[PDB]
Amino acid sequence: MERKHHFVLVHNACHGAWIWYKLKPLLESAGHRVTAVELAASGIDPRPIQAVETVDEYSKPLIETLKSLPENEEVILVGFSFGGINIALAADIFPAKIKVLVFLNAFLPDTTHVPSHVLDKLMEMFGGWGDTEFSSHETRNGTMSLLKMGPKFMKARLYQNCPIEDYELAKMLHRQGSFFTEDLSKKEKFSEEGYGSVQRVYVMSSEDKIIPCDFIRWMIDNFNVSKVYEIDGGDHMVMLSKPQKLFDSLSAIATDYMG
């Protein structure tokens, strides 16, 4: 038996651990261990987003997960969408606990620009937010930009290739969130010694209507990865629309970082 790995999965803003409900048993049936982190004010986390005023607070449950791992264990750390940012923040704190970072339809930040740089770049050219509701919350850390996805926007731009049941599930579980773009723009740049030292790969869906191909190529061109994997027919929510094919991708990454 090839030795198996421990996958740590990190969800996107406005969602929670639940998004991995299809992928997690597939990985576990193949012998791997899986930890699906619930970030602050996400999923069933008892805080509202208004109480989570910085990206460091938002990311704390991932940092805690990594901190709690036994000596010398290393994980395959998978960041989805805004979870690319969380996993970068984590890699700058515990680089030696991460075998490889997996940027799944994710923001891939660099070590040259402020950490908000790839978000700011997408936000400028994003296309329609549809029925998404924007709001502000003033805090001792400044003003937080909040959003709550609207259902037409979800259907059209996130879930377009997902079974109707997954879309209904998401309608019942998605929450108001934030991309923390203000807090990120004033944070120290990610380090070359921490984050920059960790192996990375990028997994993209061919039909992601949120993170388009040319934008991904721009991010990778600014900050290279070791390999790129494509999931044909995937929407942005690829763990919901193509979980088997996502399994196949992760399995191929796990064989590549054997030992």
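Just count from 1 along the sequence shown to find any residue number.
The stretch with the higher mean CA B factor, choosing between 54-62 and 189-197, is 189-197.
Legend: mean Cα B-factor per stretch from the PDB entry, 158-166 versus 140-148; the higher mean is in 140-148. Of the candidates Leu26, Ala41, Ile211, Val203, it is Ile211 whose Cα B-factor is highest according to the PDB record. For the set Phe126, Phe179, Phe103, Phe153, the PDB entry puts the maximum C-alpha B factor at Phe126. Compared with the other modelled residues of the chain, the Cα B-factor recorded for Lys121 ranks in the highest third. Remark: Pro115 belongs to the highest third of its chain, ranked by C-alpha B-factor as recorded. Per-chain ranking of the deposited C-alpha B factor places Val225 in the middle third. In the deposited entry, the Cα temperature factor of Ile216 places it in the highest third of its chain's modelled residues.
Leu184: CA B factor lies in the highest third for its chain, per the PDB record.
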